[PDB]
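*Asks:* Please find model.csv (CSV, C-alpha atoms) on the next line:
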```csv
chain,number,residue,atom,x,y,z
Y,1,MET,CA,11.0,5.4,-24.2
Y,2,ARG,CA,11.0,1.6,-24.1
Y,3,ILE,CA,9.2,-1.2,-22.3
Y,4,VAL,CA,11.7,-3.6,-20.7
Y,5,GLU,CA,9.3,-5.7,-18.6
Y,6,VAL,CA,5.6,-6.5,-18.6
Y,7,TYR,CA,3.7,-8.5,-15.9
Y,8,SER,CA,0.1,-9.6,-16.3
Y,9,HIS,CA,-1.6,-9.9,-12.9
Y,10,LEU,CA,-4.7,-12.1,-12.9
Y,11,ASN,CA,-4.4,-12.1,-16.7
Y,12,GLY,CA,-5.1,-8.4,-16.8
Y,13,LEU,CA,-3.1,-7.9,-20.0
Y,14,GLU,CA,-5.0,-10.7,-21.8
Y,15,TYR,CA,-8.3,-9.2,-20.7
Y,16,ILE,CA,-7.3,-5.9,-22.4
Y,17,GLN,CA,-6.1,-7.8,-25.5
Y,18,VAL,CA,-9.4,-9.6,-26.0
Y,19,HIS,CA,-11.9,-6.8,-25.0
Y,20,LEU,CA,-9.8,-3.7,-25.6
Y,21,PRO,CA,-7.0,-4.4,-28.1
Y,22,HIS,CA,-6.8,-0.8,-29.1
Y,23,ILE,CA,-5.9,0.2,-25.6
Y,24,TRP,CA,-2.8,-2.1,-25.4
Y,25,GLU,CA,-1.6,-0.8,-28.8
Y,26,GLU,CA,-2.1,2.8,-27.7
Y,27,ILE,CA,-0.3,2.3,-24.3
Y,28,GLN,CA,2.6,0.8,-26.2
Y,29,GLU,CA,2.8,3.7,-28.7
Y,30,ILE,CA,2.5,6.4,-26.0
Y,31,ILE,CA,5.5,4.9,-24.1
Y,32,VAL,CA,7.6,4.8,-27.3
Y,33,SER,CA,6.7,8.5,-28.1
Y,34,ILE,CA,7.9,9.8,-24.7
Y,35,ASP,CA,11.2,11.6,-25.1
Y,36,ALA,CA,13.1,10.8,-21.9
Y,37,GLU,CA,16.0,12.9,-23.1
Y,38,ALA,CA,14.0,16.1,-22.8
Y,39,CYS,CA,13.2,15.2,-19.2
Y,40,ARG,CA,16.9,14.9,-18.3
Y,41,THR,CA,16.8,18.2,-16.4
Y,42,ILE,CA,22.4,14.3,-15.8
Y,43,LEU,CA,19.6,12.8,-13.8
Y,44,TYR,CA,16.0,12.5,-15.0
Y,45,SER,CA,13.2,14.7,-13.6
Y,46,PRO,CA,10.1,12.9,-12.2
Y,47,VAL,CA,8.1,16.1,-12.8
Y,48,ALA,CA,9.3,16.4,-16.3
Y,49,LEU,CA,8.6,12.7,-17.0
Y,50,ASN,CA,5.1,13.0,-15.5
Y,51,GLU,CA,4.3,16.0,-17.6
Y,52,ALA,CA,5.4,14.2,-20.8
Y,53,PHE,CA,3.2,11.2,-20.0
Y,54,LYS,CA,0.3,13.5,-19.0
Y,55,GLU,CA,0.3,15.4,-22.3
Y,56,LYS,CA,0.4,12.2,-24.4
Y,57,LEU,CA,-2.2,10.4,-22.2
Y,58,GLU,CA,-4.7,13.3,-22.2
Y,59,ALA,CA,-4.0,13.8,-25.9
Y,60,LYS,CA,-5.5,10.3,-26.4
Y,61,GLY,CA,-8.5,10.8,-24.2
Y,62,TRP,CA,-7.3,9.4,-20.9
Y,63,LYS,CA,-9.2,11.5,-18.4
Y,64,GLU,CA,-9.5,12.0,-14.6
Y,65,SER,CA,-11.9,9.9,-12.6
Y,66,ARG,CA,-13.1,10.2,-9.0
Y,67,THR,CA,-14.9,7.6,-6.9
Y,68,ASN,CA,-16.7,8.5,-3.7
Y,69,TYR,CA,-17.6,6.2,-0.8
Y,70,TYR,CA,-18.5,6.2,2.9
Y,71,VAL,CA,-16.3,4.5,5.4
Y,72,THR,CA,-17.3,3.4,8.9
Y,73,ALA,CA,-15.8,1.7,12.0
Y,74,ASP,CA,-18.2,-1.3,11.7
Y,75,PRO,CA,-16.5,-4.2,9.8
Y,76,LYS,CA,-19.9,-5.9,9.0
Y,77,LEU,CA,-21.4,-2.7,7.6
Y,78,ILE,CA,-18.3,-2.2,5.5
Y,79,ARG,CA,-18.6,-5.6,3.9
Y,80,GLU,CA,-22.3,-5.1,3.3
Y,81,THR,CA,-21.9,-1.6,1.6
Y,82,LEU,CA,-18.7,-2.0,-0.5
Y,83,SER,CA,-20.5,-2.5,-3.8
Y,84,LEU,CA,-23.3,0.1,-3.2
Y,85,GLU,CA,-23.7,3.6,-4.6
Y,86,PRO,CA,-22.4,6.3,-2.2
Y,87,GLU,CA,-25.8,7.6,-1.1
Y,88,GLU,CA,-26.9,4.0,-0.5
Y,89,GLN,CA,-23.8,3.3,1.6
Y,90,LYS,CA,-24.5,6.2,3.9
Y,91,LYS,CA,-28.1,5.2,4.2
Y,92,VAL,CA,-27.3,1.6,5.1
Y,93,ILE,CA,-24.5,2.6,7.6
Y,94,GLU,CA,-26.7,5.2,9.3
Y,95,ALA,CA,-29.7,2.9,9.4
Y,96,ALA,CA,-27.7,0.5,11.5
Y,97,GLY,CA,-27.0,3.3,14.0
Y,98,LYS,CA,-23.3,3.7,12.9
Y,99,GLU,CA,-21.4,6.7,11.6
Y,100,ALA,CA,-20.7,7.2,7.9
Y,101,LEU,CA,-17.6,9.2,6.9
Y,102,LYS,CA,-17.0,10.7,3.5
Y,103,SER,CA,-14.0,9.7,1.4
Y,104,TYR,CA,-12.9,9.2,-2.2
Y,105,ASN,CA,-10.0,8.4,-4.5
Y,106,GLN,CA,-9.1,10.3,-7.6
Y,107,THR,CA,-6.9,9.3,-10.6
Y,108,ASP,CA,-5.7,11.2,-13.6
Y,109,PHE,CA,-5.9,8.6,-16.4
Y,110,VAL,CA,-9.0,6.5,-17.1
Y,111,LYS,CA,-10.5,5.4,-20.4
Y,112,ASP,CA,-12.6,2.5,-21.4
Y,113,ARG,CA,-12.7,1.3,-17.8
Y,114,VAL,CA,-8.9,1.0,-17.6
Y,115,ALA,CA,-6.9,3.2,-15.2
Y,116,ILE,CA,-3.3,4.0,-15.8
Y,117,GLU,CA,-1.0,5.2,-13.1
Y,118,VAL,CA,2.4,6.7,-14.1
Y,119,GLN,CA,4.6,6.5,-11.0
Y,120,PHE,CA,7.9,8.2,-10.5
Y,121,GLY,CA,7.3,8.9,-6.8
Y,122,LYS,CA,8.6,7.7,-3.4
Y,123,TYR,CA,8.4,4.1,-2.1
Y,124,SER,CA,5.0,4.4,-0.4
Y,125,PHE,CA,3.0,5.7,-3.4
Y,126,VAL,CA,3.0,2.5,-5.6
Y,127,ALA,CA,1.7,0.4,-2.7
Y,128,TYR,CA,-1.1,3.0,-2.3
Y,129,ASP,CA,-1.9,2.9,-6.0
Y,130,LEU,CA,-2.1,-0.9,-6.2
Y,131,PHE,CA,-4.0,-1.8,-3.0
Y,132,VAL,CA,-6.1,1.3,-2.5
Y,133,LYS,CA,-6.5,3.4,-5.6
Y,134,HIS,CA,-6.9,0.7,-8.3
Y,135,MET,CA,-9.0,-1.4,-5.8
Y,136,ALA,CA,-11.3,1.5,-5.0
Y,137,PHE,CA,-12.1,2.1,-8.7
Y,138,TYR,CA,-12.5,-1.6,-9.3
Y,139,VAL,CA,-14.8,-2.3,-6.4
Y,140,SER,CA,-16.8,0.8,-7.3
Y,141,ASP,CA,-17.3,-0.6,-10.8
Y,142,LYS,CA,-15.3,2.2,-12.6
Y,143,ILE,CA,-12.5,0.0,-14.0
Y,144,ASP,CA,-12.0,-3.7,-14.9
Y,145,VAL,CA,-8.2,-3.5,-15.1
Y,146,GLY,CA,-5.5,-1.2,-13.8
Y,147,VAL,CA,-2.1,-0.4,-15.3
Y,148,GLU,CA,1.0,0.7,-13.4
Y,149,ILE,CA,3.9,2.3,-15.4
Y,150,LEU,CA,7.2,2.2,-13.5
Y,151,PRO,CA,10.8,2.8,-14.2
Y,152,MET,CA,13.1,-0.2,-14.2
Y,153,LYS,CA,16.0,0.0,-11.7
Y,154,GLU,CA,18.3,1.0,-14.5
Y,155,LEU,CA,16.2,4.2,-14.9
Y,156,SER,CA,15.4,4.8,-11.2
Y,157,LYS,CA,19.0,4.7,-10.3
Y,158,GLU,CA,19.5,7.7,-12.7
Y,159,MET,CA,16.9,9.6,-10.7
Y,160,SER,CA,16.6,11.0,-7.2
Y,161,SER,CA,17.1,8.4,-4.5
Y,162,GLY,CA,13.9,6.9,-3.0
Y,163,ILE,CA,12.0,6.4,-6.3
Y,164,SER,CA,10.4,2.9,-6.5
Y,165,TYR,CA,11.3,0.7,-9.4
Y,166,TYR,CA,9.7,-2.1,-11.4
Y,167,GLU,CA,11.6,-5.0,-9.9
Y,168,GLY,CA,10.9,-3.9,-6.3
Y,169,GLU,CA,7.2,-3.3,-6.9
Y,170,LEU,CA,6.7,-6.6,-8.8
Y,171,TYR,CA,8.3,-8.3,-5.8
Y,172,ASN,CA,5.8,-6.5,-3.4
Y,173,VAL,CA,2.9,-7.8,-5.5
Y,174,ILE,CA,4.0,-11.4,-5.8
Y,175,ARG,CA,5.1,-11.5,-2.2
Y,176,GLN,CA,1.4,-11.2,-1.3
Y,177,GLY,CA,0.7,-14.7,-2.5
Y,178,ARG,CA,-1.5,-15.6,-5.5
Y,179,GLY,CA,-4.0,-13.1,-6.8
Y,180,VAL,CA,-3.5,-10.1,-4.6
Y,181,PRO,CA,-4.8,-7.5,-5.1
Y,182,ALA,CA,-8.1,-8.8,-6.4
Y,183,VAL,CA,-8.0,-6.2,-9.3
Y,184,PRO,CA,-6.5,-7.5,-12.5
Y,185,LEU,CA,-3.4,-5.4,-13.4
Y,186,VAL,CA,-0.6,-4.9,-16.0
Y,187,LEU,CA,2.7,-3.8,-14.5
Y,188,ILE,CA,5.0,-2.1,-17.1
Y,189,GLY,CA,8.7,-1.4,-16.4
Y,190,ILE,CA,10.3,1.2,-18.7
Y,191,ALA,CA,13.6,2.8,-19.5
Y,192,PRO,CA,15.0,5.6,-21.7
V,1,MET,CA,-4.8,7.9,25.5
V,2,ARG,CA,-7.7,5.5,24.8
V,3,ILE,CA,-8.6,2.6,22.5
V,4,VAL,CA,-11.9,3.2,20.7
V,5,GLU,CA,-11.8,0.4,18.1
V,6,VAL,CA,-9.9,-2.9,17.6
V,7,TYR,CA,-10.0,-5.1,14.5
V,8,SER,CA,-8.6,-8.6,14.5
V,9,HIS,CA,-7.5,-9.5,11.0
V,10,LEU,CA,-7.1,-13.3,10.4
V,11,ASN,CA,-7.7,-13.6,14.1
V,12,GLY,CA,-4.4,-11.9,14.8
V,13,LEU,CA,-5.5,-10.6,18.2
V,14,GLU,CA,-6.5,-14.1,19.3
V,15,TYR,CA,-3.2,-15.5,18.2
V,16,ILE,CA,-1.5,-12.9,20.5
V,17,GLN,CA,-3.9,-13.6,23.4
V,18,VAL,CA,-3.2,-17.4,23.3
V,19,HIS,CA,0.6,-17.4,22.6
V,20,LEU,CA,1.6,-13.9,23.9
V,21,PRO,CA,-1.0,-12.7,26.4
V,22,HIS,CA,1.6,-10.4,28.0
V,23,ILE,CA,2.0,-8.5,24.8
V,24,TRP,CA,-1.7,-7.6,24.5
V,25,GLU,CA,-1.8,-6.4,28.1
V,26,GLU,CA,1.3,-4.3,27.5
V,27,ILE,CA,0.1,-2.7,24.3
V,28,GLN,CA,-3.0,-1.7,26.1
V,29,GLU,CA,-1.1,-0.2,29.0
V,30,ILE,CA,1.3,1.7,26.8
V,31,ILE,CA,-1.6,3.4,25.0
V,32,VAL,CA,-3.3,4.4,28.3
V,33,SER,CA,0.0,5.8,29.5
V,34,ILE,CA,0.4,8.2,26.5
V,35,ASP,CA,-0.3,11.8,27.5
V,36,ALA,CA,-1.9,13.2,24.3
V,37,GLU,CA,-2.3,16.6,26.0
V,38,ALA,CA,1.5,17.1,26.1
V,39,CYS,CA,1.5,16.5,22.4
V,40,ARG,CA,-1.0,19.3,21.7
V,41,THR,CA,1.7,21.6,20.4
V,42,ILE,CA,-4.8,23.5,19.6
V,43,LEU,CA,-4.0,20.7,17.1
V,44,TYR,CA,-2.0,17.6,18.0
V,45,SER,CA,1.6,17.1,16.7
V,46,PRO,CA,2.4,13.8,14.9
V,47,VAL,CA,6.0,14.2,15.8
V,48,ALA,CA,5.2,14.7,19.4
V,49,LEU,CA,2.8,11.7,19.4
V,50,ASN,CA,5.4,9.5,17.7
V,51,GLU,CA,8.1,10.6,20.2
V,52,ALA,CA,5.8,9.7,23.1
V,53,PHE,CA,5.0,6.2,21.8
V,54,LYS,CA,8.6,5.6,20.9
V,55,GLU,CA,9.8,6.3,24.5
V,56,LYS,CA,7.1,4.0,26.0
V,57,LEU,CA,7.6,1.3,23.4
V,58,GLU,CA,11.4,1.2,23.6
V,59,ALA,CA,11.2,1.5,27.4
V,60,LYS,CA,9.4,-1.9,27.2
V,61,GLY,CA,11.9,-3.6,25.0
V,62,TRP,CA,10.3,-3.0,21.6
V,63,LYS,CA,13.3,-2.7,19.2
V,64,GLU,CA,14.2,-2.0,15.6
V,65,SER,CA,14.3,-4.8,13.1
V,66,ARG,CA,15.5,-5.0,9.5
V,67,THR,CA,14.9,-7.7,6.9
V,68,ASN,CA,17.0,-8.0,3.8
V,69,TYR,CA,16.1,-9.6,0.5
V,70,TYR,CA,16.9,-9.7,-3.2
V,71,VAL,CA,14.3,-8.7,-5.8
V,72,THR,CA,14.4,-9.5,-9.5
V,73,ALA,CA,12.4,-9.0,-12.7
V,74,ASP,CA,11.6,-12.7,-13.1
V,75,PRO,CA,8.2,-13.6,-11.5
V,76,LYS,CA,9.1,-17.4,-11.3
V,77,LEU,CA,12.3,-16.7,-9.5
V,78,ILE,CA,10.6,-14.4,-7.1
V,79,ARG,CA,8.1,-17.0,-6.1
V,80,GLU,CA,10.8,-19.6,-5.7
V,81,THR,CA,13.0,-17.4,-3.5
V,82,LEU,CA,10.5,-15.5,-1.3
V,83,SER,CA,11.1,-17.7,1.8
V,84,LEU,CA,14.8,-18.1,1.4
V,85,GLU,CA,17.6,-16.5,3.3
V,86,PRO,CA,19.1,-13.4,1.5
V,87,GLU,CA,22.3,-15.0,0.3
V,88,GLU,CA,20.4,-18.0,-0.9
V,89,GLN,CA,18.0,-15.7,-2.8
V,90,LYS,CA,20.8,-14.0,-4.6
V,91,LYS,CA,22.4,-17.4,-5.4
V,92,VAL,CA,19.3,-18.9,-6.8
V,93,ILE,CA,18.4,-15.8,-8.9
V,94,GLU,CA,21.9,-15.5,-10.4
V,95,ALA,CA,22.1,-19.2,-11.0
V,96,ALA,CA,19.1,-18.9,-13.3
V,97,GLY,CA,21.0,-16.1,-15.2
V,98,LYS,CA,18.8,-13.3,-13.8
V,99,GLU,CA,19.8,-10.1,-12.0
V,100,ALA,CA,19.4,-9.9,-8.2
V,101,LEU,CA,18.8,-6.4,-6.6
V,102,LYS,CA,19.4,-5.6,-3.0
V,103,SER,CA,16.5,-4.3,-0.9
V,104,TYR,CA,15.2,-4.3,2.6
V,105,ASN,CA,12.5,-3.1,5.0
V,106,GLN,CA,13.1,-1.7,8.5
V,107,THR,CA,10.7,-1.1,11.4
V,108,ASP,CA,11.1,0.5,14.8
V,109,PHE,CA,9.1,-1.7,17.1
V,110,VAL,CA,9.5,-5.5,17.2
V,111,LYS,CA,9.4,-7.8,20.2
V,112,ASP,CA,8.5,-11.5,20.5
V,113,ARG,CA,7.9,-11.7,16.8
V,114,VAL,CA,5.2,-9.0,16.8
V,115,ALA,CA,5.7,-5.7,14.9
V,116,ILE,CA,4.0,-2.5,15.9
V,117,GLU,CA,3.6,0.5,13.6
V,118,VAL,CA,2.4,3.8,15.1
V,119,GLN,CA,1.2,5.8,12.2
V,120,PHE,CA,0.3,9.5,12.2
V,121,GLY,CA,1.5,10.0,8.7
V,122,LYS,CA,0.1,10.8,5.3
V,123,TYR,CA,-2.5,8.6,3.4
V,124,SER,CA,0.1,6.5,1.5
V,125,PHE,CA,2.1,5.3,4.5
V,126,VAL,CA,-0.4,3.0,6.1
V,127,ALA,CA,-0.9,1.1,2.8
V,128,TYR,CA,2.8,0.6,2.6
V,129,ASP,CA,3.0,-0.6,6.3
V,130,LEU,CA,0.3,-3.2,5.8
V,131,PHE,CA,1.0,-4.6,2.4
V,132,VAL,CA,4.8,-4.2,2.2
V,133,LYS,CA,6.4,-3.7,5.6
V,134,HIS,CA,4.4,-6.2,7.8
V,135,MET,CA,4.3,-8.6,4.9
V,136,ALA,CA,8.1,-8.4,4.4
V,137,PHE,CA,8.8,-9.3,8.0
V,138,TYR,CA,6.1,-12.0,7.9
V,139,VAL,CA,7.4,-13.7,4.8
V,140,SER,CA,10.9,-13.4,6.0
V,141,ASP,CA,9.9,-15.3,9.2
V,142,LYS,CA,10.6,-12.3,11.6
V,143,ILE,CA,7.0,-11.8,12.9
V,144,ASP,CA,3.8,-13.8,13.2
V,145,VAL,CA,1.5,-10.9,13.7
V,146,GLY,CA,1.5,-7.1,12.9
V,147,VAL,CA,-0.1,-4.3,14.8
V,148,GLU,CA,-1.1,-0.9,13.4
V,149,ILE,CA,-2.0,1.9,15.8
V,150,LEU,CA,-4.0,4.6,14.2
V,151,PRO,CA,-5.9,7.7,15.2
V,152,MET,CA,-9.7,7.6,14.9
V,153,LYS,CA,-11.2,10.3,12.7
V,154,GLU,CA,-12.1,12.2,15.8
V,155,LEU,CA,-8.4,12.6,16.5
V,156,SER,CA,-7.1,12.9,13.0
V,157,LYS,CA,-9.5,15.8,12.3
V,158,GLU,CA,-7.7,17.6,15.2
V,159,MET,CA,-4.4,17.1,13.4
V,160,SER,CA,-2.9,18.3,10.1
V,161,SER,CA,-5.0,17.5,7.0
V,162,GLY,CA,-3.9,14.4,5.1
V,163,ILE,CA,-3.4,12.1,8.1
V,164,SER,CA,-5.0,8.7,7.6
V,165,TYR,CA,-7.5,7.5,10.2
V,166,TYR,CA,-8.7,4.2,11.6
V,167,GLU,CA,-12.1,4.1,9.8
V,168,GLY,CA,-10.4,4.8,6.4
V,169,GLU,CA,-7.7,2.2,6.8
V,170,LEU,CA,-10.1,-0.5,8.1
V,171,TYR,CA,-12.1,0.1,4.9
V,172,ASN,CA,-8.9,-0.2,2.8
V,173,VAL,CA,-8.2,-3.6,4.4
V,174,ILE,CA,-11.7,-5.1,4.2
V,175,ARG,CA,-12.2,-3.8,0.6
V,176,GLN,CA,-9.4,-6.2,-0.4
V,177,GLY,CA,-11.8,-9.1,0.2
V,178,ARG,CA,-11.3,-11.9,2.8
V,179,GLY,CA,-7.9,-12.4,4.3
V,180,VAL,CA,-5.8,-9.7,2.6
V,181,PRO,CA,-3.0,-9.1,3.4
V,182,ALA,CA,-1.9,-12.7,4.3
V,183,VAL,CA,-0.2,-11.5,7.5
V,184,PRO,CA,-2.4,-11.6,10.6
V,185,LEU,CA,-3.0,-8.1,12.1
V,186,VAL,CA,-4.5,-6.1,14.9
V,187,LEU,CA,-5.7,-2.7,13.9
V,188,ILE,CA,-6.1,-0.3,16.8
V,189,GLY,CA,-7.9,3.0,16.6
V,190,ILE,CA,-7.1,5.5,19.3
V,191,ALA,CA,-8.1,9.0,20.6
V,192,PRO,CA,-7.1,11.4,23.4
```
Can you present the structure in this file as structure tokens?
*Replies:*
Amino acid sequence: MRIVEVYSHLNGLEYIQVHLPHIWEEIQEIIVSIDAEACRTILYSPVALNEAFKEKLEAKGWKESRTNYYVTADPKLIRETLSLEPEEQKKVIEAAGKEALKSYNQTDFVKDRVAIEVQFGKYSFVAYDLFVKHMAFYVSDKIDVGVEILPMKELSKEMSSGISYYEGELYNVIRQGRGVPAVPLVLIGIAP
Amino acid sequence: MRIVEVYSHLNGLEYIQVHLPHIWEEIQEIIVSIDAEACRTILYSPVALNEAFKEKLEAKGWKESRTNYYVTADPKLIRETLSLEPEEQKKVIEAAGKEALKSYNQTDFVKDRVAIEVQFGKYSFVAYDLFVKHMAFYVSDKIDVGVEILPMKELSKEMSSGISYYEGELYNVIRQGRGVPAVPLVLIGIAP
């Protein structure tokens, strides 16, 4: 496959280029290696595409990651426990006489404190990846930068209706105003 | 039904109380009027709950709204056209030699420049409502404040697994850091 567009959010790409140059080179090579034709089961299959990326990513040591945390109804306690370890979060919340509720986020591809999301899903999933998933791993000190691989409109239009595309998601990010979300990111738009 | 928790984001609630006091009173009355028991088709049905709120909301003049816009791959052009009318966005993007792509957002309940989302859906939909939907209507100058009505965990646990709850979504918002999203909001957690 090929990269058509790349957007560096909060200079996330440059951070990778300085501190983890091998990662940027690898991400680029993995994309080139994906055979989109074999996924043309003539629309393209999101399941087939996800399987192809999964094999290549895991073949290069990108592995699953999970981050646990405790939520609560109290805004003050949330702000005071965001950066704490799970057990400490619960301890602090309960010590204030408030209820702690178990939660977590899980992602398939993490390596060298970089998370990569390959998204060929419906319109609501990218928003969730950017503002909740990547942010969760970032705030929990598991990643320093997140990467979102998305199909350009030229590819999404050749897939089932309802699949989000690069141009639309880039818009959703920039529409937030400067520097939102707080996690540095690299948005990559691809095509066959 | 009853309100258990209320969170004013960027002082959104106070904005309503000063400029639109009748709206806050009405929202509170609508919630009280909802018969959660009749939706206990003993778990609670999200479809039944959504139908009950829809009838009460529309009965009070809350109506659908749609906002159109043109996205593009060019970050600079996006920032320069965010606040423009749709036709002007396309004109500006194309005048720079870049492609404009049609898009939009639609919501069921808008009145007096306030949007209300009643969410009893899966984990990814609230994120989309907050960071994309409410923000789209806000940036397009259709609303000044957004409202998100969510079930507290005590209610969501009595519904199908996978339904987001107040405590979890409040966490997702505060985890962003101060003032994100840029649109003022009122988060309301409810129970039977």
*Asks:* Need to verify the contact set: residue 124 of chain V, 10 Å, all atoms listed in the file, exclusion of same-chain residues closer than 2 positions in sequence. Can you return it as a list in words?
*Replies:*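 The contact residues come out as residues 122, 123, 124, 125, 126, 127, 128, 129 and 132 of chain Y; 121, 122, 126, 127, 128, 129, 162, 163 and 164 of chain V.
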*Asks:* List as an mmCIF file with C-alpha atoms, in the frame of the given file the protein and nucleic acid residues near residue 185 of chain V, meaning an atom at most 7 Å away when only C-alpha atoms are counted, but skip any in the same chain fewer than 3 places from it.
*Replies:*
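Output saved as part28.cif:
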```
data_model
loop_
_atom_site.group_PDB
_atom_site.id
_atom_site.type_symbol
_atom_site.label_atom_id
_atom_site.label_comp_id
_atom_site.auth_asym_id
_atom_site.auth_seq_id
_atom_site.Cartn_x
_atom_site.Cartn_y
_atom_site.Cartn_z
ATOM 1 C CA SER V 8 -8.600 -8.600 14.500
ATOM 2 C CA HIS V 9 -7.500 -9.500 11.000
ATOM 3 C CA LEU V 10 -7.100 -13.300 10.400
ATOM 4 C CA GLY V 12 -4.400 -11.900 14.800
ATOM 5 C CA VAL V 145 1.500 -10.900 13.700
ATOM 6 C CA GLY V 146 1.500 -7.100 12.900
ATOM 7 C CA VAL V 147 -0.100 -4.300 14.800
#
```
*Asks:* So that I can see what lies close to residue 58 of chain Y, please list as a list in words the residues with an atom at most 12 Å from it, counting only C-alpha atoms and leaving out residues fewer than 5 positions away in the same chain.
*Replies:*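 Residues near the query, excluding close chain neighbours: residues 30, 50, 51, 52, 53, 63, 64, 108, 109, 110, 111 and 116 of chain Y.
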*Asks:* Produce a file of the selected residues containing C-alpha atoms, as a PDB file, in the coordinates of the input.
*Replies:*
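Everything below was put into result01.pdb:
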```pdb
ATOM      1  CA  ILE Y  30       2.500   6.400 -26.000  1.00  0.00           C
ATOM      2  CA  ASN Y  50       5.100  13.000 -15.500  1.00  0.00           C
ATOM      3  CA  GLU Y  51       4.300  16.000 -17.600  1.00  0.00           C
ATOM      4  CA  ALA Y  52       5.400  14.200 -20.800  1.00  0.00           C
ATOM      5  CA  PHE Y  53       3.200  11.200 -20.000  1.00  0.00           C
ATOM      6  CA  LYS Y  63      -9.200  11.500 -18.400  1.00  0.00           C
ATOM      7  CA  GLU Y  64      -9.500  12.000 -14.600  1.00  0.00           C
ATOM      8  CA  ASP Y 108      -5.700  11.200 -13.600  1.00  0.00           C
ATOM      9  CA  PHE Y 109      -5.900   8.600 -16.400  1.00  0.00           C
ATOM     10  CA  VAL Y 110      -9.000   6.500 -17.100  1.00  0.00           C
ATOM     11  CA  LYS Y 111     -10.500   5.400 -20.400  1.00  0.00           C
ATOM     12  CA  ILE Y 116      -3.300   4.000 -15.800  1.00  0.00           C
TER      13      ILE Y 116
END
```
*Asks:* Can you pull out every residue within 6 Å of segment 36-45 of chain V, counting only C-alpha atoms, but drop anything in the same chain fewer than 6 positions away, and send it as a VMD selection string?
*Replies:* chain V and resid 158 to 159 192
*Asks:* Between Y:18, Y:31, Y:152, Y:82, which is the closest to residue 101 of chain V once you count only C-alpha atoms?
*Replies:* Y:152
*Asks:* May I ask you to extract the residues of chain Y within 8 Å of chain V, using only C-alpha atoms, and to give them as a PyMOL selection string?
*Replies:* chain Y and resi 5+71-73+75+78-79+82+103+124-125+127-128+131-132+135-136+139+166-168+170-172+174-177+180-182
*Asks:* Quick one, how far is atom CA of residue 19 of chain Y from atom CA of residue 186 of chain Y?
*Replies:*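 According to the coordinates, atom CA of residue 19 of chain Y and atom CA of residue 186 of chain Y are separated by 14.6 Å.
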*Asks:* Give me segment 49-61 of chain V with N, CA and C atoms filled in, as a PDB file, in the coordinates of the input.
*Replies:*
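What follows is the written file selection_14.pdb:
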```
ATOM      1  N   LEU V  49       3.486  13.011  19.132  1.00  0.00           N
ATOM      2  CA  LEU V  49       2.800  11.700  19.400  1.00  0.00           C
ATOM      3  C   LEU V  49       3.745  10.554  19.133  1.00  0.00           C
ATOM      4  N   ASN V  50       4.490  10.616  18.034  1.00  0.00           N
ATOM      5  CA  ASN V  50       5.400   9.500  17.700  1.00  0.00           C
ATOM      6  C   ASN V  50       6.538   9.418  18.700  1.00  0.00           C
ATOM      7  N   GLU V  51       6.998  10.554  19.217  1.00  0.00           N
ATOM      8  CA  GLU V  51       8.100  10.600  20.200  1.00  0.00           C
ATOM      9  C   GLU V  51       7.585   9.917  21.506  1.00  0.00           C
ATOM     10  N   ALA V  52       6.360  10.248  21.912  1.00  0.00           N
ATOM     11  CA  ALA V  52       5.800   9.700  23.100  1.00  0.00           C
ATOM     12  C   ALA V  52       5.639   8.187  23.056  1.00  0.00           C
ATOM     13  N   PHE V  53       5.128   7.687  21.932  1.00  0.00           N
ATOM     14  CA  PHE V  53       5.000   6.200  21.800  1.00  0.00           C
ATOM     15  C   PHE V  53       6.351   5.573  21.706  1.00  0.00           C
ATOM     16  N   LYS V  54       7.292   6.174  20.981  1.00  0.00           N
ATOM     17  CA  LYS V  54       8.600   5.600  20.900  1.00  0.00           C
ATOM     18  C   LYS V  54       9.285   5.398  22.256  1.00  0.00           C
ATOM     19  N   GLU V  55       9.219   6.410  23.116  1.00  0.00           N
ATOM     20  CA  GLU V  55       9.800   6.300  24.500  1.00  0.00           C
ATOM     21  C   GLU V  55       9.173   5.148  25.250  1.00  0.00           C
ATOM     22  N   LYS V  56       7.844   5.084  25.247  1.00  0.00           N
ATOM     23  CA  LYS V  56       7.100   4.000  26.000  1.00  0.00           C
ATOM     24  C   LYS V  56       7.371   2.644  25.378  1.00  0.00           C
ATOM     25  N   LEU V  57       7.401   2.557  24.055  1.00  0.00           N
ATOM     26  CA  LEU V  57       7.600   1.300  23.400  1.00  0.00           C
ATOM     27  C   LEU V  57       9.043   0.765  23.653  1.00  0.00           C
ATOM     28  N   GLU V  58      10.028   1.625  23.435  1.00  0.00           N
ATOM     29  CA  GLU V  58      11.400   1.200  23.600  1.00  0.00           C
ATOM     30  C   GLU V  58      11.702   0.978  25.104  1.00  0.00           C
ATOM     31  N   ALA V  59      10.993   1.681  25.982  1.00  0.00           N
ATOM     32  CA  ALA V  59      11.200   1.500  27.400  1.00  0.00           C
ATOM     33  C   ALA V  59      10.740   0.045  27.765  1.00  0.00           C
ATOM     34  N   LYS V  60       9.852  -0.540  26.959  1.00  0.00           N
ATOM     35  CA  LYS V  60       9.400  -1.900  27.200  1.00  0.00           C
ATOM     36  C   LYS V  60      10.055  -2.958  26.355  1.00  0.00           C
ATOM     37  N   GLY V  61      11.188  -2.604  25.768  1.00  0.00           N
ATOM     38  CA  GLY V  61      11.900  -3.600  25.000  1.00  0.00           C
ATOM     39  C   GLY V  61      11.482  -3.790  23.537  1.00  0.00           C
TER      40      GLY V  61
END
```
